[PDB]
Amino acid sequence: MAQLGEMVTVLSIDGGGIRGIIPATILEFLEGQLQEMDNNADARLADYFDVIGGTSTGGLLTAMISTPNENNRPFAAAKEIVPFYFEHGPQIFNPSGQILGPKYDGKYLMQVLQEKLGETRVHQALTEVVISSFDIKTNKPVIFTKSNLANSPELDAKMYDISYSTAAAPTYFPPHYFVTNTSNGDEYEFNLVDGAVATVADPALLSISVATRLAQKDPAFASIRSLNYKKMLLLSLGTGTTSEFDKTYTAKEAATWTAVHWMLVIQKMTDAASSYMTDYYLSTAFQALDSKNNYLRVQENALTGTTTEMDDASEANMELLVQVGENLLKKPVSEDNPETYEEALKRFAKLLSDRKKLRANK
C-alpha cells in the first residue's frame, strides 16, 4: 500500500506532575479531531498509535489510555484526563507534614491507581506501551514494556505498580517496593523511583528505540527494522519548561546555595535538559533522513509563576495549566513557520486516520 500504510506511529508523553494537564489538553484536542475525522465518537488514541511511551504523569496517562476496560476498550478517553487531574490532583499532592521522608506519602496516589487500574497487567495493554522508572537498588533504569515478557514473566507487572513507580519523584513521593515472579517461581524485587531519574523525563527517543528493537522479531514493526526514520511518525508532548525570565538562576546567586537549595531545583533543570537534548537527538535523526515533518514535538518553553511547579494542585494553578495548554495550541511549531501546533496536529491526525484506513483497505 501507500508509504503511509506501512509507517509506524508513536506517541510519547513527558513527565511533569500536574503539568501533565498540558499534554492531556493537547491529546484531548487530538482525539477529538480523530473522532470527528472518522465520524466515530468511540475512536481512541490507542487505535491509531502502535506505541505509546510515558514517564511520570506521562506514564499514568499512558496507562489510562492503554489499559483495557470490561469492553476491551481503552479505559479512558483523552477528554477524561484533565478532569482526573482536577478531581484527584489535589488529593494526590496533599502535603503529609512528615518531618522525615518526602513531601507526600503517596498513599492516595496508589489508592486511585488501584481503583482505576485494578489488577490489570502490562501484557494486557491495547498497544505497545513504554513506561520508565529507575531502580535505586540495582542502580539501573527499568523499562516496562508490553511485548517480550514471554521469557521474562517478572516484567509483566501490575499497571498500578508501574504507574506509581514512574511517578515516584525523589523528595516528592516514597520510592516503590513491589514483588513479581520469575519463570521458576522465584521472587523478583523492584525498588523504583520516577523515570526522570533514569534520564527519560522525555521518553520519545526511548519509545522509538523500543520500537526499533521490536522490529527485530515483530513483523508488524518490520519497516523501521534498519533505523528507517522515514517510516517513523512521532508525536512527542512535553509539560513545559521554565521561562528564562522566571524562576531561573545566575552563577552568582547559586554561589551560596546549599545542597537542599540544589535539590529543590535540580530536578526541574534536568527535566528541561532532557526535553532539550532528546528533541536535539531526534531532530538530528529525522532531518538527516529528510523527514523533518515526520516528527512533531509540542512543547511550551515559557512557563511562569505557579505553573512551573509539578507540585501545585491548587484550583488556580490547574486552571492556568489548562490555559497554557489551550494557548500552546495557538502557538507556532517553529520560527518563521507561521503554522500553529493546532494545524500541525490536525495534519498529524489526518495521517493517523488515513493510515488506519489504509491498514483496513489492504
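All residue numbers refer to positions in the sequence shown, first residue = 1.
Practice problem: Averaging the C-alpha B factors as listed in the entry, name the stretch that ends up higher: 171-179 or 91-99. | Solution: Between 171-179 and 91-99, it is 91-99.
Self-check item: Selected stretch [higher average CA B-factor]: 66-74 or 331-339
Solution: Mean B over CA atoms: larger for 331-339.
Practice problem: Could you say which of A273, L237, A255, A201 has its CA atom at the highest B factor, as listed in the PDB entry? | Solution: Answer for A273, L237, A255, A201: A255, with the highest C-alpha B-factor.
Exercise. Specify which of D279, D194, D135, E244 carries the largest Cα B factor in the deposited PDB entry.
Key: It is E244.
Quiz item: By its CA B factor, does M269 count among the lowest, middle or highest third of the modelled residues in the chain?
Solution: Tercile = lowest for this residue's CA B-factor.
Quiz item: Mind checking which third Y164 falls in for C-alpha B-factor across the chain?
Solution: As the PDB entry reports it, the C-alpha B-factor of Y164 lands in the lowest third of its chain.
Quiz prompt | Third of the chain, ranked by Cα B-factor, where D50 sits | solution = For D50, the deposited C-alpha B-factor lands in the lowest third.
Practice problem: Place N301 in the lowest, middle or highest third of its chain's C-alpha B-factors, as listed in the PDB entry. | Solution: For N301, the deposited C-alpha B-factor lands in the middle third.
Quiz item: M310: which third of its chain by C-alpha temperature factor?
Solution: Within its chain, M310 is a highest-third residue by C-alpha B-factor, going by the deposited values.
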